[PDB]
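Okay, so here's the structure we're looking at.
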Amino acid sequence: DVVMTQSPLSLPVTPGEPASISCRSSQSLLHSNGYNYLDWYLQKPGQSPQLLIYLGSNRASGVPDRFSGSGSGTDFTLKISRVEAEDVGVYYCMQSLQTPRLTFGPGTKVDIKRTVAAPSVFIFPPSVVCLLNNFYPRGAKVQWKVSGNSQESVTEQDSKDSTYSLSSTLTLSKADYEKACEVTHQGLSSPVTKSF
Amino acid sequence: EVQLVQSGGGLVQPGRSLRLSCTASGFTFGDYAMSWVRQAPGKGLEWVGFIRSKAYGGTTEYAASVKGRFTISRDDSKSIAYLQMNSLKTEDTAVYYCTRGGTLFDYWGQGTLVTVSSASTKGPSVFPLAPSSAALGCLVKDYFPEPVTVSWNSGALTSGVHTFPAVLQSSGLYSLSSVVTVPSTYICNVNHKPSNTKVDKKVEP
Amino acid sequence: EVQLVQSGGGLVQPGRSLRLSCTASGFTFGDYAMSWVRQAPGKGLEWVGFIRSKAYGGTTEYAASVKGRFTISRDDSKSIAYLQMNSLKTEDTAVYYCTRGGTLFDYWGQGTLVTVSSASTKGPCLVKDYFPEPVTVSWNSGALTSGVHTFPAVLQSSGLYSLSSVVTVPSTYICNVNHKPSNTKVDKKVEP
Amino acid sequence: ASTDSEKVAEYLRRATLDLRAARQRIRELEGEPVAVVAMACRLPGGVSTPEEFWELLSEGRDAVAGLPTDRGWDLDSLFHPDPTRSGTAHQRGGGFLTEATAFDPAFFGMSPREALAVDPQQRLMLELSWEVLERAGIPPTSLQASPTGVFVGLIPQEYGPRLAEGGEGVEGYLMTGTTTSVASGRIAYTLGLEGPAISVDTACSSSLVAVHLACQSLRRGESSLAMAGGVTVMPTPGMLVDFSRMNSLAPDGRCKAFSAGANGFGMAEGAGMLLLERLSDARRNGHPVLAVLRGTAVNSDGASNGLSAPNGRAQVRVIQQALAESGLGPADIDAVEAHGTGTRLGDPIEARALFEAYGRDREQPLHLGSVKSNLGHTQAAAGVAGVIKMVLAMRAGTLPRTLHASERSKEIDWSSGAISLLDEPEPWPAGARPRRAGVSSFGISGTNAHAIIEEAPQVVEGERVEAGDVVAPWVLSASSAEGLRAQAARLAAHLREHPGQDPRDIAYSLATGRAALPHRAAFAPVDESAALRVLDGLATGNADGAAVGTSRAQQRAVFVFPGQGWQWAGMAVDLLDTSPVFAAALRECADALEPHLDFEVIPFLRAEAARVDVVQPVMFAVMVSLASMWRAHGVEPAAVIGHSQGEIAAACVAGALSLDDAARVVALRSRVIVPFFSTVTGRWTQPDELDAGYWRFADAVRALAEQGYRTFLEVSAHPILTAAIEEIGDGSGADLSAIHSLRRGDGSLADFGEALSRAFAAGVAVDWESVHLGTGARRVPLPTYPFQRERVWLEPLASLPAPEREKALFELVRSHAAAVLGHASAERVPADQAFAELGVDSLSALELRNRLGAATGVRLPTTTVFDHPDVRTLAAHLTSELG
Amino acid sequence: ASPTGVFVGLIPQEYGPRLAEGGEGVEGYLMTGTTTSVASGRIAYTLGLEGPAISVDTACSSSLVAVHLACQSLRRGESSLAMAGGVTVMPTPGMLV
Amino acid sequence: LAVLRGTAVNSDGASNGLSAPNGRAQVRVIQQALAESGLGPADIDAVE
């Protein structure tokens with residue numbers, strides 16, 4: 001009754017070649033009638049969700065032929081043919097054995113594959129900020145200590161280049177300052193610090 | 001063809017009441033069963049309620065954090081679904097969707113904002129700086145509501161702009177930031193039509 | 001891709017036993033449910049029985065007029081269904097069909113014919129008192145092929161079917177018969 | 001949710017919906033019907049329009065006159081007492097087109113020397129395509145870079161001298177004028193289409209094969225618009241000489257189908273053309289629908305007895321295939337247009353095949369008729385002509401007659417009675433049973449085809465009408481003054497023939513459906529009789545009550561913002577009270593006046609009801625409202641300039657400040673008492689730099705003219721300082737034309753109408769759709785273009801003394817240009833015209849360059865023609881290369 | 001009498017004398033032996049095939065156009081077999097002049 | 001011997017001359033043929 005996608009949550013893609021998303025489940029469904037009660041959904045950025053494939057692999061009308069499901073009752077996996085533009089968003093695995101479904105699930109993101117370009121680090125002395133630039137793949141750790149209160153934001157996947165940019169702000173109110181800012185990236189070595 | 005539209009939504013203080021209208025056309029509305037889903041602003045999708053069909057009669061079941069809070073309503077003369085609001089809470093601020101089907105979520109609606117807060121339109125602050133270099137920064141703080149526009153050099157330079165999305169402050173206000181580049185005469189301009197405020201600021205390093 | 005190729009039948013004396021086999025092919029035989037339908041000669045259709053799929057168990061409903069006279073068994077290793085004829089009683093003779101599906105009758109396979117009762121060959125223009133089952137006519141030694149009106153056989157009090165054939169002309173006619181098990185050609189002419 | 005009780009229901013519903021959608025897609029893909037939109041034809045006799053063809057069919061005449069004389073045929077040794085003598089024909093007549101000799105090369109871009117080498121077939125096809133495009137209502141210039149397939153059926157034949165011997169003037173163009181491949185390539189190149197272009201030759205069934213291929217291409221979705229037809233024009237009597245050898249030609253040359261006096265099939269010539277589109281797309285765009293094609297079939301006779309003799313089994317099979325493809329039963333056809341070749345042996349075979357296909361199971365007697373009795377055999381032009389006749393007669397609800405059919409052939413059985421000859425006209429009224437018909441065409445190669453035609457759906461009914469008061473302008477364009485006069489005369493005559501028309505309908509029809517040719521004339525009518533007088537005046541050649549102007553490659557306009565001058569401002573009535581845009585363009589600016597003046601739309605009316613501090617805000621409001629009205633009516637400026645008080649309006653229209661916010665921010669004190677030219681600085685400036693600190697007319701206008709804009713729209717209630725602008729325009733460069741928006745004392749919308757007419761006459765692009773957003777007007781048929789044809793036919797140094805040197809150079813350049821292009825009248829070529837429209841190509845370009853280099857002894861770049869597309873530009877460049 | 005399509009690409013060329021000046025031996029076969037439409041008809045008549053026989057002329061891409069048409073006809077299913085090809089022969093040196 | 005996938009036919013349109021080839025049209029022909037064949041540009045090794 002518990003299903004998690006178990007597929008790469010990021011899953012970078014590049015057009016031309018195909019891809020796939022695995023979907024591992026708990027004990028198999030295999031309803032006595034002879035079907036698997038598993039569905040797929042796709043969410044475009046800023047769009048309403050739409051259905052792709054219901055039980056088994058019988059993708060509904062309107063859906064392009066490039067999509068095709070498959071899998072047994074406990075090893076469902078969705079195959080996508082040659083990758084094109086868009087199709088970037090969140091994909092959801094949906095079960096049907098338990099009617100009172102609460103949450104669709106974390107889902108798996110999809111984005112265009114790129115290189116491991118390193119980030120950049122800047123500081124802004126005075127209520128101060130620590131921002132970066134072009135640190136694909138997405139990911140950054142902020143551990144202001146000089147911790148507990150912070151506030152950050154992240155933009156989209158940099159359509160023209162696909163290199164995310166981030167900005168985080170130190171939460172302070174007034175002249176209570178009497179006296180750390182480093183970020184670790186997987187495409188980067190030991191973090192660098194400015195510290196005002 | 002089959003069209004679904006939603007109406008009813010806006011700013012309401014905590015403890016108010018409201019209703020939402022879902023309109024269906026192009027199919028026999030009697031057979032299908034309506035369901036309402038809600039997506040938090042920056043989180044996943046969580047099911048809210050589900051009303052059965054008169055063929056089986058029946059009613060809804062709702063879920064946790066919504067049971068006993070507000071109810072549903074469904075008609076048949078004009079196929080208009082109604083979702084009631086009772087004692088709205090700030091955490092309920094999220095987009096709402098109305099879609100066909102009770103188990104297989106078929107063709108969806110379009111969504112409605114429906115925000116809950118207790119504040120008033122304010123004037124943004126600026127507090128800008130250029131410490132050494134270059135992504136020049138002119139933040140915007142303490143403004144309400146969300147709609148706001150910013151630009152650089154009175155909307156002249158638009159190459160590399162990295163304006164970041166809004167974030168809710170603990171006081172109910174919002175804070176912004178905007179940096180572009182200068183790897184070397186630059187003025188930051190922001191407008192807040194809801195508060196009808198014009199602010200242009202020059203920043204030096 | 002889907003055939004049932006049922007087989008197994010013949011002539012059986014009253015108070016005996018027999019069996020029939022329906023052979024699945026192509027589709028997954030496990031999920032579907034089998035059924036048997038019998039059509040009496042010169043009649044409509046009637047339902048015999050069916051067996052549920054393993055997902056719902058092995059329940060078998062024998063309708064009526066049988067009540068344990070016959071039994072239906074299902075095999076999944078070779079995907080073969082069996083109907084066990086037992087204690088046949090006269091009117092049970094018909095052509096039997098094996099169909100796929102419990103309620104909605106699918107591809108329907110094909111039928112097989114069985115007979116009943118005990119008698120012997122007798123030999124036969126009335127062409128009366130024969131019981132192989134088939135009879136052929138060679139009108140005018142196969143020369144005259146016009147105005148033929150051969151009619152189907154008719155059951156009598158003690159079997160021993162009878163036939164009929166006639167031609168007309170307002171104006172040299174042998175009629176004649178053939179009998180496969182006995183070869184009792186009689187030919188002969190007629191003048192009224 | 002009840003398990004296994006409701007969940008399966010949703011899945012079943014979804015599966016049923018998907019299955020229904022898939023089956024609908026299959027059905028649509030396999031057999032979607034195609035609709036017929038337009039009509040074009042050129043038939044023997046006096047036929048030039050389909051209506052004339054229908055008239056001829058109704059009166060029941062024949063177009064057999066005799067051999068022509070313009071083509072220079074010998075016409076004497078073509079016959080002899082001995083029929084076996086070489087070079088002797090048999091036919092002493094037939095229907096021949098009399099317009100094959102004439103052509104209009106100037107309308108398209110083609111040099112006369114090149115035009116002299118063009119085959120008559122592709123020569124006629126261009127005119128047919130243009131007419132069929134104009135008739136459907138689609139402007140010819142609209143279809144650019146769009147999928148539009150072209151299919152033509154032709155026969156090679158021979159036109160001019162052999163390639164090996166060559167010619168004198170036409171040497172490098174003998175190929176492109178005397179081949180079959182270019183028959184569609186030329187049309188595609190002229191119209192700029194991008195659909196497939198195919199030329200197919202299958203003897204007498206070429207047109208039917210072409211329409212079948214077009215239908216298949218439309219069904220597959222490869223192209224969204226199709227165009228098919230056939231043509232056959234012979235310039236040499238060799239065809240008759242050859243066909244006389246096997247003695248298959250009747251002496252007189254008349255086709256007697258199914259008659260007792262069969263002698264031959266004669267000969268004739270003609271052309272036809274159709275436009276096709278699938279029914280759904282035609283319905284969506286509102287294109288006219290005449291009839292619907294359902295199914296066709298193509299087959300060959302196979303191993304027939306000999307080569308020429310046909311077979312009946314193939315005909316029966318193809319008929320059955322055509323009937324089964326469209327799913328129409330054999331007892332659902334009312335009439336059939338047979339081949340009707342009239343030969344001795346073909347007629348019994350065709351009759352027996354028709355009896356087998358239809359007459360075996362018939363309840364009502366089938367009606368049979370042949371069009372070749374009226375015209376004779378037209379080779380590839382056949383087939384399509386039969387479809388044209390069928391659709392015309394079936395629209396008119398009357399079956400035409402058949403000539404020389406009073407004596408049925410004895411060799412053909414008629415005892416069945418299921419087939420009735422059309423010896424007399426038969427009414428064909430509409431009824432519950434949809435009307436249908438079928439056509440056939442058999443060639444000498446062996447290929448044969450059949451088709452089924454059905455009546456248009458009865459859904460056009462339901463039109464509403466509504467009166468009105470706004471008068472719409474009338475416009476018309478041509479390619480020359482004579483063309484303009486002829487077009488005006490034709491329009492006047494057609495209007496006289498058919499009275500009771502609606503001025504709105506005619507204005508709507510003329511607004512959309514005609515190209516923007518560089519010879520324009522427009523006006524505004526008040527009566528169906530006064531417009532007739534105006535058209536008669538235009539035909540005579542005097543411009544009275546109408547605006548006439550000639551302009552090519554001039555389409556951009558510029559607004560000019562003056563200061564004061566129209567202080568009467570009496571046009572506060574209507575406009576903002578009647579015109580929706582002017583109404584919506586006044587209050588928001590008036591709302592901006594509330595902060596410090598409380599001056600809304602109503603107090604403007606109350607102030608007038610019949611001090612610059614209050615005139616200036618209303619002046620700004622009038623400026624912005626008129627600018628909004630103009631920009632909404634399709635005309636947008638390329639630049640704007642302002643007077644001392646016009647810079648505020650210039651900033652408002654340039655986006656320097658918001659629509660209403662510009663008003664009371666520049667006027668925060670409120671009385672002080674688009675790429676545009678900054679009048680204070682005399683240069684182009686961006687809207688951003690305008691601020692509070694911001695708050696040579698000849699030089700500005702001359703610079704703007706140098707930039708490439710040659711007109712100005714004076715937005716004001718009265719024309720002010722326009723004469724100075726005109727005078728400065730005359731003194732530098734080309735003529736500079738300006739038009740006022742409105743004139744003091746005339747607040748009627750007719751003033752705006754005539755202003756729009758003048759703007760159109762000035763070459764300003766106008767969006768007629770905004771003018772006709774909705775009035776209750778629909779399309780009405782109109783006459784086509786009046787071409788101006790002429791006969792074409794082949795048969796088998798000073799040392800800078802003065803600017804007078806510049807005129808000498810210009811004259812010699814003109815003479816050389818006339819010489820190279822083959823213009824026999826070396827008296828005049830257009831001056832402002834470029835070279836791309838004169839028909840000069842690379843072959844002529846290098847010859848002209850060599851001639852010029854030899855004439856003046858200077859070195860000239862090869863690509864100079866690209867550098868100087870105009871003769872004037874080349875003359876100016878060469879006159880500056882002295883010393 | 002089998003469904004079989006023929007598609008041939010051709011460019012018309014002159015071979016003998018003009019029709020108006022027919023020679024001694026050949027008088028009535030002049031046009032039958034030169035028209036491009038009969039090119040496929042000859043094959044369809046000698047082999048007895050009963051299918052669409054079309055001659056297509058589209059300059060240097062005639063063979064490819066014919067192949068495409070044959071492929072479409074086969075896909076639609078109106079014929080069970082097809083033949084496609086092109087040919088070009090220069091009988092007189094007026095071409096390269 | 002081999003298998004054909006799909007073909008495409010198109011016209012040059014309005015070029016600078018009747019015999020002047022058009023550039024962008026051929027791109028459309030190739031793209032339409034590839035799309036009809038249901039393949040990608042990376043699946044072709046040689047071109048004649």
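By convention in this document, the chains of the structure tokens carry letters A, B, ... by their order, each chain's residues are numbered from 1, and ligands are numbered from 1 in the order they are shown.
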Exercise. Excluding range 33-42 of chain F and residues on its chain fewer than 6 positions from it, collect all residues at most 7 Å away from it, counting only C-alpha atoms, and give them as a ChimeraX atom specification.
Key: /A:16 /F:5-8
Enumerate as a PDB file with N, CA and C atoms, in the first residue's frame all residues of range 21-65 of chain B assigned to strand (DSSP E or B) by DSSP on the backbone, naming them with the chain letters and numbers the document uses.
```pdb
ATOM      1  N   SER B  21     -17.456  27.602  -7.473  1.00  0.00           N
ATOM      2  CA  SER B  21     -18.359  27.094  -8.497  1.00  0.00           C
ATOM      3  C   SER B  21     -17.554  26.390  -9.580  1.00  0.00           C
ATOM      4  N   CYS B  22     -17.900  25.135  -9.851  1.00  0.00           N
ATOM      5  CA  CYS B  22     -17.317  24.366 -10.942  1.00  0.00           C
ATOM      6  C   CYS B  22     -18.391  24.153 -11.999  1.00  0.00           C
ATOM      7  N   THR B  23     -18.100  24.557 -13.231  1.00  0.00           N
ATOM      8  CA  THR B  23     -19.061  24.511 -14.324  1.00  0.00           C
ATOM      9  C   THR B  23     -18.620  23.484 -15.355  1.00  0.00           C
ATOM     10  N   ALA B  24     -19.533  22.591 -15.727  1.00  0.00           N
ATOM     11  CA  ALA B  24     -19.258  21.541 -16.693  1.00  0.00           C
ATOM     12  C   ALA B  24     -20.200  21.667 -17.881  1.00  0.00           C
ATOM     13  N   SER B  25     -19.687  21.327 -19.060  1.00  0.00           N
ATOM     14  CA  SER B  25     -20.480  21.384 -20.279  1.00  0.00           C
ATOM     15  C   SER B  25     -19.894  20.417 -21.295  1.00  0.00           C
ATOM     16  N   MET B  34     -17.656  14.230  -9.063  1.00  0.00           N
ATOM     17  CA  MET B  34     -16.724  15.341  -8.966  1.00  0.00           C
ATOM     18  C   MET B  34     -15.756  15.140  -7.806  1.00  0.00           C
ATOM     19  N   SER B  35     -14.579  15.749  -7.939  1.00  0.00           N
ATOM     20  CA  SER B  35     -13.557  15.677  -6.909  1.00  0.00           C
ATOM     21  C   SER B  35     -12.750  16.965  -6.920  1.00  0.00           C
ATOM     22  N   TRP B  36     -12.358  17.406  -5.729  1.00  0.00           N
ATOM     23  CA  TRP B  36     -11.616  18.646  -5.545  1.00  0.00           C
ATOM     24  C   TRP B  36     -10.231  18.327  -5.007  1.00  0.00           C
ATOM     25  N   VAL B  37      -9.211  18.933  -5.608  1.00  0.00           N
ATOM     26  CA  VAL B  37      -7.834  18.751  -5.172  1.00  0.00           C
ATOM     27  C   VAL B  37      -7.216  20.122  -4.949  1.00  0.00           C
ATOM     28  N   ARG B  38      -6.195  20.165  -4.098  1.00  0.00           N
ATOM     29  CA  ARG B  38      -5.551  21.411  -3.710  1.00  0.00           C
ATOM     30  C   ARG B  38      -4.043  21.231  -3.735  1.00  0.00           C
ATOM     31  N   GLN B  39      -3.344  22.182  -4.349  1.00  0.00           N
ATOM     32  CA  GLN B  39      -1.889  22.191  -4.395  1.00  0.00           C
ATOM     33  C   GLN B  39      -1.379  23.385  -3.600  1.00  0.00           C
ATOM     34  N   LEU B  45       0.658  17.769  -4.392  1.00  0.00           N
ATOM     35  CA  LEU B  45      -0.784  17.813  -4.587  1.00  0.00           C
ATOM     36  C   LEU B  45      -1.457  16.867  -3.602  1.00  0.00           C
ATOM     37  N   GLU B  46      -2.461  17.371  -2.889  1.00  0.00           N
ATOM     38  CA  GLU B  46      -3.162  16.607  -1.868  1.00  0.00           C
ATOM     39  C   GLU B  46      -4.655  16.606  -2.159  1.00  0.00           C
ATOM     40  N   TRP B  47      -5.256  15.420  -2.128  1.00  0.00           N
ATOM     41  CA  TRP B  47      -6.685  15.287  -2.362  1.00  0.00           C
ATOM     42  C   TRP B  47      -7.474  15.888  -1.205  1.00  0.00           C
ATOM     43  N   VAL B  48      -8.612  16.493  -1.533  1.00  0.00           N
ATOM     44  CA  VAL B  48      -9.451  17.185  -0.557  1.00  0.00           C
ATOM     45  C   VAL B  48     -10.763  16.446  -0.326  1.00  0.00           C
ATOM     46  N   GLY B  49     -11.574  16.292  -1.372  1.00  0.00           N
ATOM     47  CA  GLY B  49     -12.875  15.671  -1.228  1.00  0.00           C
ATOM     48  C   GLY B  49     -13.302  14.992  -2.511  1.00  0.00           C
ATOM     49  N   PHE B  50     -14.423  14.282  -2.421  1.00  0.00           N
ATOM     50  CA  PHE B  50     -14.941  13.524  -3.558  1.00  0.00           C
ATOM     51  C   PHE B  50     -16.417  13.255  -3.325  1.00  0.00           C
TER      52      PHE B  50
END
```
- prompt: Skipping near chain neighbours, those fewer than 6 positions away, what residues fall within 10 Å of residue 23 in chain A using only C-alpha atoms, listed as a PyMOL selection string?
  reply: chain A and resi 3-7+71+74-78+92-94
Fill in: Shell around residue 83 in chain E at 7 Å using only C-alpha atoms, local window under 4 positions removed, as a PyMOL selection string
chain E and resi 5-7
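All residues of protein, DNA or RNA that reach within 9 Å of residue 49 in chain A, judged by only C-alpha atoms and not counting those fewer than 4 positions away in the chain, are residues 41, 42, 43 and 44 of chain A; 107 and 108 of chain B.
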Could you build a table of the residues in chain E lying no more than 10 Å from chain F, giving for each the nearest pair of atoms and their separation in Å rounded to one decimal place, using only C-alpha atoms, ordered by chain and ascending residue number, as a tab-separated table?
```
residue	atom	partner	partner_atom	distance
E:61	CA	F:9	CA	9.7
E:64	CA	F:7	CA	8.8
E:65	CA	F:9	CA	7.4
E:67	CA	F:7	CA	8.9
E:68	CA	F:7	CA	6.2
E:69	CA	F:7	CA	9.5
E:71	CA	F:6	CA	8.4
E:72	CA	F:6	CA	9.4
```
Counting only C-alpha atoms, closest pick from A:90, A:190, A:73, A:161 relative to residue 29 in chain A is A:73
Mind checking which residues fall within 12 Å of range 19-24 of chain D, counting only C-alpha atoms, ignoring those fewer than 4 positions away in the same chain, and posting them as a CSV table (one decimal) with C-alpha atoms, in the first residue's frame?
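Produced file part00.csv, reproduced below:
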```
chain,number,residue,atom,x,y,z
A,58,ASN,CA,-3.3,1.7,-22.6
A,59,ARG,CA,-2.4,5.4,-22.9
A,60,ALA,CA,-5.5,7.5,-23.5
A,61,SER,CA,-6.2,9.6,-26.6
A,62,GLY,CA,-4.5,12.9,-27.2
D,12,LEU,CA,-15.0,1.2,-19.1
D,13,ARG,CA,-16.2,4.7,-20.0
D,14,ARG,CA,-12.7,5.8,-20.8
D,15,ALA,CA,-12.1,2.7,-23.0
D,28,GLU,CA,-12.2,10.3,-41.4
D,29,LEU,CA,-8.8,9.2,-42.7
D,30,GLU,CA,-10.2,6.6,-45.2
D,31,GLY,CA,-13.1,8.4,-46.8
D,32,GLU,CA,-13.5,12.1,-45.8
```
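Residue neighbourhood of residue 195 in chain D, excluding near-sequence residues (fewer than 3 positions): residues 147, 148 and 149 of chain D; 10 and 11 of chain F, at 6 Å, using only C-alpha atoms.
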Could you list, with a cut-off of 12 Å and counting only C-alpha atoms, the residues of chain D near chain F, each shown with its nearest atom pair and the distance in Å rounded to one decimal, rows sorted by chain and ascending number, as CSV?
```
residue,atom,partner,partner_atom,distance
D:109,CA,F:17,CA,11.2
D:110,CA,F:18,CA,11.3
D:141,CA,F:14,CA,11.9
D:143,CA,F:13,CA,11.0
D:144,CA,F:13,CA,8.6
D:145,CA,F:13,CA,7.1
D:146,CA,F:13,CA,9.3
D:147,CA,F:10,CA,8.8
D:148,CA,F:11,CA,9.7
D:149,CA,F:10,CA,9.0
D:150,CA,F:11,CA,10.1
D:173,CA,F:18,CA,11.5
D:175,CA,F:19,CA,11.7
D:176,CA,F:18,CA,9.2
D:177,CA,F:18,CA,11.9
D:182,CA,F:18,CA,9.6
D:184,CA,F:11,CA,10.2
D:185,CA,F:11,CA,8.2
D:186,CA,F:18,CA,7.6
D:187,CA,F:13,CA,9.5
D:188,CA,F:13,CA,6.0
D:189,CA,F:14,CA,5.0
D:190,CA,F:14,CA,6.9
D:191,CA,F:14,CA,7.3
D:192,CA,F:14,CA,4.3
D:193,CA,F:13,CA,5.3
D:194,CA,F:11,CA,4.9
D:195,CA,F:10,CA,5.8
D:196,CA,F:10,CA,4.9
D:197,CA,F:11,CA,6.6
D:198,CA,F:11,CA,9.9
D:217,CA,F:9,CA,11.3
D:220,CA,F:36,CA,11.9
D:221,CA,F:36,CA,11.9
D:222,CA,F:8,CA,9.1
D:223,CA,F:10,CA,10.1
D:835,CA,F:16,CA,11.8
D:836,CA,F:16,CA,8.6
D:837,CA,F:16,CA,11.3
D:839,CA,F:17,CA,9.8
D:840,CA,F:17,CA,9.9
D:841,CA,F:17,CA,7.5
D:842,CA,F:17,CA,9.0
D:843,CA,F:17,CA,11.6
D:866,CA,F:16,CA,11.1
```
**Report entry** DSSP-assigned alpha helix (DSSP H) among chain E, expressed as a ChimeraX atom specification
**Finding:** /E:38-46,62-76
* Asked: Distance CA of residue 64 in chain C-CA of residue 31 in chain C, one decimal place?
  ->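 So the answer is 25.8 Å.
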Open item on the list: Residues of chain D within 8 Å of chain B, counting only C-alpha atoms, what are they? List them as a ChimeraX atom specification.
Closed with: /D:7,10-11,688
| field | Contact set, chain A to chain D: 12 Å, only C-alpha atoms, as an MDAnalysis selection string | value | chainID A and resid 31:33 35 37 39 51 53:56 58:63 96:101
> Using only C-alpha atoms, which of the listed residues (C:23, C:77, C:183, C:150) sits closest to residue 130 in chain C?
Replying inline: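 Of all the options, C:183 lies closest to residue 130 in chain C.
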re CA of residue 133 in chain B and CA of residue 122 in chain A: distance 8.6 Å
task: When you get a sec, could you note down which chain D residues fall within 9 Å of chain E, using only C-alpha atoms, as JSON, numbers by chain?
output: {"D": [30, 86, 87, 88, 155, 156, 157, 158, 162, 163, 164, 165, 166, 175, 179, 180, 181, 182, 197, 198, 199, 200, 201, 202, 203, 209, 236, 237, 238, 239, 240, 241, 242, 243, 244, 245, 246, 298, 299, 300, 301, 302, 303, 304, 306, 307, 314, 444, 445, 446, 447, 448]}
